[PDB]
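Only one chain comes next, encoded as C-alpha cells, the form deposited in one PDB entry.
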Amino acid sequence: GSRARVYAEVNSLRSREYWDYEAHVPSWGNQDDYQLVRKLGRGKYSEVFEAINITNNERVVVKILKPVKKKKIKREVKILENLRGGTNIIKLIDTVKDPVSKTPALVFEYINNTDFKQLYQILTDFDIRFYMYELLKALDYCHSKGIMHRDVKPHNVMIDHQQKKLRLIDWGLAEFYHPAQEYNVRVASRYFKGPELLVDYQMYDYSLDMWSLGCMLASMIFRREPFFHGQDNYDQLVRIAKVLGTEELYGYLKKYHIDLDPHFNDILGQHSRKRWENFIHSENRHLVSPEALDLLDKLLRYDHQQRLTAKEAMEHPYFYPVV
C-alpha cells in the first residue's frame, strides 16, 4: 500500500459533511439571470461562455455541464464550495439551471486568460517562476483541504498576463483524498498522467498533481509542449521511461508490488536515465537554470511518495526570486 506524506488524515479530522459530497444538495437557480455573450472555450464536459449577470451587470463565466450523473455534479460543486476563497482557486458564484431544458450550469468568476500556446512563447525565466509559484499556492491549498485536482494541465490554468493573475480551474475530476482508498486511474489528460495511472496503481494521492505540475514546468522551460507526447496510454509510459530510465521504472514497480502488463516488456525496451541538461538547446537556454533542473528532477520521479509536496516545491531555490 501507500499513503500521502502530507495532509493524509485531514478529511477524517473534519466533519463528515465536509467530504460526504453525495449528501450535498445544491440549490439550483434560474439561468435566465445570465446573458451568454461569448463562447470562451469548451471541454470534454462543458461549453463555456462569458456571461453578464443581468441583475447586477457583473461579468462571469457560465459552464454548461454536458449530461452527466448527479453524483459527479455534487462532487464538483461541494469541492468548489470547500475551496472557495483559497489562493488562486477559481471562485464558484452560483449553480443554475435553464428553466426550460433544466440543464445544470456552474457560474464562476471571470478571468481574462491568454491562451497558453501564445502566452508560453513570450514568458521569461522570471515569468515561469512567478506563475509556477502561483499554481503551487493553489495546489498546496487544495491538498491541505483534502482534495486532489487530478487534471492539472495548461488548459486548466487560467493566466491574465497583464494583471499577473492565475486561477486553477476545472475541478470536475477532483476527488477527496482518504488514506488506503483506491481511485480510478482514468483521470488526467494523457500527456499529464503520472506513471501510477499508466501502470494501474490505484492507491495514489495528492502527489499525482505534482507529476502533472512537473510536466508543465518541463514544457515551459524546455519549450517542448507537451513534454511527454505519448501516442496512446501505453506509449505514454514509454516516453517517460526513455527519460527517467527503465531500471528505475522496475524499481518503482517492485517497491509497490505492481505487476506490469506483459505487453509492456517489448515496447519499453531498455533505457538509461537521461540527464535533464540533455534537453537544453539554443531555443530554450534562456529559460533553463541549474535550479530549474534540480526542481524538475525532484518532481518527475516514478515513486509518487518521493516527489516533492506542493509546500516543499514552494521552498525550492528556483522560487527565491518570487518569494
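Think of the rigid core as the biggest set of C-alphas that the two forms share within 1.5 Å after superposition. Residue numbers here begin at 1 and follow the sequence given.
Report the stretch with the higher mean CA temperature factor, choosing between 305-313 and 20-28 on the basis of the entry.
-> Higher of the two, by average CA B-factor, is 20-28.
In the PDB record, does 211-219 or 163-171 carry the higher mean Cα temperature factor?
-> That would be 163-171.
Highest Cα B-factor in the deposition, which of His286, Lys39, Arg59, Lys298?
-> Among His286, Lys39, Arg59, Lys298, the highest C-alpha B-factor in the entry belongs to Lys39.
Options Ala51, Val48, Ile280, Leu293 - largest CA temperature factor per the record = Across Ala51, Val48, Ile280, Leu293, the entry lists the biggest C-alpha B-factor for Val48.
Using the B-factor values recorded in the entry, state whether the Cα atom of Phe116 falls in the lowest, middle or highest third among the modelled residues of its chain.
-> It belongs to the highest third of the chain when residues are ordered by C-alpha B-factor.
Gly230 by Cα B-factor - lowest, middle or highest third of the modelled chain = Within its chain, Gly230 is a middle-third residue by C-alpha B-factor, going by the deposited values.
Among the chain's modelled residues, which third holds the C-alpha B-factor of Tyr141?
-> Tercile = lowest for this residue's CA B-factor.
Place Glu109 in the lowest, middle or highest third of its chain's C-alpha B-factors, as listed in the PDB entry.
-> As the PDB entry reports it, the C-alpha B-factor of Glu109 lands in the middle third of its chain.
Pull the Cα B-factor of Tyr183 out of the PDB entry and bin it into the chain's lowest, middle or highest third.
-> Middle third by C-alpha B-factor.
If you look for the form deposited in another entry, you will not find it shown, but the lines that follow are about it.
Where among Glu81, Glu247, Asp98, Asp232 does the Cα move by 2 Å or more between this form and the one not shown after the core is superposed?
-> The only residue crossing the 2 Å threshold is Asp98.
Determine whether the C-alpha of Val68 shifts by 2 Å or more between this form and the one not shown once the rigid core is superposed.
-> Passes the 2 Å threshold, so yes.
Tell me, please, whether between this form and the one not shown the C-alpha of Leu260 is shifted by 2 Å or more, with the rigid core used for superposition.
-> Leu260 C-alpha, core-superposed: shift of less than 2 Å.
Does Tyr45 count as moved between this form and the one not shown, where moved means a C-alpha shift of 2 angstroms or more after fitting the rigid core?
-> Comparing the forms between this form and the one not shown, which are aligned on their rigid core, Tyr45 does shift its C-alpha by 2 Å or more.
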